[PDB]
Amino acid sequence: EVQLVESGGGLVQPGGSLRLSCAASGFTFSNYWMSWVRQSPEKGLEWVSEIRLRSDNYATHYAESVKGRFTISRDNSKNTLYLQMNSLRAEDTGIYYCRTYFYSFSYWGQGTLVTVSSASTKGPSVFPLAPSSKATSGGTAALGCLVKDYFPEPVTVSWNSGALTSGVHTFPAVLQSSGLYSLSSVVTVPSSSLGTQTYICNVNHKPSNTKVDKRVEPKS
Amino acid sequence: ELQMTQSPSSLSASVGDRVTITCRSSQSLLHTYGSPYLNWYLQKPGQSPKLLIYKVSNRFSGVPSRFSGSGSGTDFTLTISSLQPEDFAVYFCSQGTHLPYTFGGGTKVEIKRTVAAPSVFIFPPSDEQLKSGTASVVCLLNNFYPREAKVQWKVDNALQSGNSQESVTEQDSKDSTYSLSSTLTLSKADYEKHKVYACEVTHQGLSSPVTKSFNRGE
């Protein structure tokens, strides 16, 4: 099975630097062209660079937007691809996908997120969304977790250590009036189960290595 | 550069519809490096893009039979001959043979389904958040369709304007519905000040607008 595992992403200050890596496995790395593509909500998909074979004198190409600032390189002995990013700009922010070119099309990794911001990481407090009388329609209750003021993305939420999945809605983060992220996660359950089943949201914010488990209990 | 123009930017189609997505270049772009060998992709939210068609018209291994590509000269189309519920995604073309490589702006494909009225729930701010001096009020809209919905915050019957933010899930992979959060944020003070807290919901699936409310202090 073909795998491409990006690493090295994360939060960096404007004008600083970062080196991504891509650990390839499951094919003969040195036989294939390799590339980097990036993604943002604001510009879409943007090709970044490409490097070819040893027999091509390891020819490189770059989108104009990064030429002179980024360097693609490959270590055929370690099956690893690299992107060295210097003089980073706010506009370099996004998801960076490693890719391998199988002769007529690319296969893509799952990408790593690069945040170019003057902010320091910030881990969120977590508050309950208390199921209450009235706010619960026809035998079905709703309860949730509110994850306020964190930076950067992402945060993840599971319920009861992943044993509660059915009826879970975890919303996209919103960027607040402050430069910070907020996200809510909610779940619908049987009203009758509110006294007998305990409900806990498991919140993880890896950029700050915050890990919170918050009991949500009906108001009293 | 060899840039493709992808159209439309979005569309809603019912299960079973024929869907058609186009990428175009100019009579100039075509003289510069020929009729090119476009690939077509889809992307589910939070996932890497997946190959559907390579070299214009070759369905990729494992790709279901309803997907097909064709195209001549300037105009390339991706066709879905009978849309299925798992097919909501952003679809895009890739021009990956002529440097510099580029991508189409993409087509957001939504599944059209019967109207569904949201259920609605309201949550007061926790004790923990008041200790810290902010007060978040949250109104939930669950499992409704279409996406378009009006949520109005009313505090002591006074409509609020610019202190609300909404978040909306992607189309649900199980029933094609949306859910929606609206979060009204106010200082601990503004909150202790007033007493009745309400969000009023208006959706195509509701005969009349639904109001969920609470009074501060149980």
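Cβ atoms come from the backbone with ideal geometry, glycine included; neighbour counts cover every protein chain shown. Computed from the coordinates by the stated procedures, all read-outs in this text should not be read as laboratory data.
Note down the relative contact order for segment A:1-118 as a percent, whole number, built from C-alpha pairs under 8 angstrom at least six residues apart.
It comes to 36 percent, rounded to a whole number.
Hull surface divided by four, with the convex hull built on the Cα atoms of the protein assembly as shown: how many nm²?
Mean projected area for the protein assembly as shown: 23.5 nm², to one decimal.
Compute the distance from the alpha-carbon center of segment B:1-38 to that of segment B:84-105, in whole Å.
9
Would you work out which of B:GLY162, B:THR211, A:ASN57 lies farthest towards the positive end of the dipole of the protein assembly as shown, given +1 charges on the beta-carbon of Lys and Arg and -1 on that of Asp and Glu, about the Cα centre?
Selected residue: A:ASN57.
Find which of A:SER73, A:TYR181, A:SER125 sits farthest along the positive direction of the dipole of chain A, computed with +1 on the beta-carbon of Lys and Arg, -1 on that of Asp and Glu, about the Cα centre.
A:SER125
Could you give the distance between the Cα centres of segment A:122-150 and segment B:117-160, to the whole Å?
With segment A:122-150 and segment B:117-160 each reduced to a Cα centre, they are spaced 11 Å.
So what's the gap between the Cα centers of segment A:72-118 and segment A:175-220, to the nearest angstrom?
33
Gaussian network model of chain A, Cα springs within a sub-10 Å range: biggest mean-square fluctuation belongs to which of A:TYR58, A:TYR103, A:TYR32?
Of A:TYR58, A:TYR103, A:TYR32, the Gaussian network model singles out A:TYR103 as fluctuating most.
Considering all alpha-carbon pairs of segment B:1-113, what whole percent are spaced by more than 20 angstrom?
Value for segment B:1-113: 36 percent of Cα pairs lie more than 20 Å apart.
At 7 Å along Cα-to-Cβ for each site, give me the label-to-label distance between A:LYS122 and B:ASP75 in nm.
5.2
Under the Kirkwood approximation for Rh and a Cα-based Rg, what ratio Rg/Rh is obtained for segment B:114-218?
Expressed as Rg/Rh, it is 1.00.
In debye, nearest 20, what is the charge dipole magnitude of segment A:132-220 about its Cα centre with +1 on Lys and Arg Cβ and -1 on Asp and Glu Cβ, if you could check?
I would put it at about 140 debye.
With the contact rule set at Cα under 8 Å and sequence spacing of 6 or more, what percent relative contact order holds for segment B:1-113?
39
Under a 10 Å cutoff between Cα atoms, tell me which one of B:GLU110, B:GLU128, B:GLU200 has the largest fluctuation in the Gaussian network model of chain B.
B:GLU128
Straight-line reach only, C-alpha to C-alpha below 15 angstrom: list the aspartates and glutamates that A:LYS206 could link to, leaving out same-chain residues fewer than 8 apart.
A:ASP149, A:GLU153
Kindly point out, ordered by number, any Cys in chain B whose beta-carbon has no other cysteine beta-carbon under 4.7 Å away.
none
Suppose every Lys and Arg Cβ carries +1 and every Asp and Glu Cβ carries -1, with no other charges. What dipole size does chain A come out with about its Cα centre, to the nearest 20 debye?
Roughly 300 debye, rounded to the nearest 20.
With unit charges on the beta carbon (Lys/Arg positive, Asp/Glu negative), name the residue among B:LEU38, B:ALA189, A:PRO154 whose Cα is farthest towards the positive pole of the charge dipole of the protein assembly as shown.
Farthest towards the positive end: A:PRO154.
Taking amide H positions as placed 1.01 Å from N in the peptide plane, with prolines and chain starts having none, which residues 5 or more places from B:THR134, or on another chain, fall under 5 Å of its amide H?
B:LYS188
To the nearest 500 deg cm²/dmol, what mean residue ellipticity at 222 nm is calculated for chain B from DSSP H runs of n ≥ 4 alone, each contributing -39,500 (n - 2.57), summed and divided by the residues?
The helix contribution divided over chain B gives -2000 deg cm²/dmol.
Find the relative contact order for segment B:96-175 and round it to a whole percent, using C-alpha pairs within less than 8 Å whose residues are 6+ positions apart.
25
What is the mean projected area of the alpha carbon convex hull for segment A:119-218, to one decimal in square nanometres?
In nm², the orientation-averaged hull projection of segment A:119-218 is 6.4.
Under 5 Å between amide hydrogens, which residues at least 5 positions from B:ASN143 or on another chain qualify, with H placed 1.01 Å from N in the peptide plane?
Correct list: B:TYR178, B:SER179, B:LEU180.
For chain B, with a Gaussian network of springs between Cα atoms less than 10 Å apart, report the residue from B:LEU38, B:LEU99, B:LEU141 with the top mean-square fluctuation.
Highest fluctuation of the listed residues: B:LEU99.
What's log10 of I(q)/I(0) for chain B at q = 0.10, 0.11, 0.16, 0.18 Å⁻¹, Debye sum over Cα points only, no solvent?
The Cα Debye sum returns log10 ratios of -0.62, -0.69, -0.98, -1.13.
Using only the C-alpha atoms of segment A:1-118, find the volume of their convex hull and express it per residue in Å³.
Spread over its residues, the Cα hull of segment A:1-118 gives 97 Å³ apiece.
Tally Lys and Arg at +1 and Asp and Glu at -1 over the other residues with C-beta under 15 Å from the C-beta of B:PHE67: what net charge comes out?
+3
Show the residues, 5+ positions off or on another chain, whose built amide H is closer than 5 Å to the amide H of B:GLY96.
It is B:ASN39, by chain and number.
Can you spot the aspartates and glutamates whose alpha carbon is less than 16 Å from A:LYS134's alpha carbon? Ignore those fewer than 8 places along the same chain.
The reachable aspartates and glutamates, counting only those whose Cα sits under 16 Å from A:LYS134, are A:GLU217, B:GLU200, B:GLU218.
What is the extension gain from A:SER178 to A:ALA163, computed as 0.36 nm multiplied by their sequence separation minus the C-alpha to C-alpha distance, in nm to one decimal?
2.0 nm
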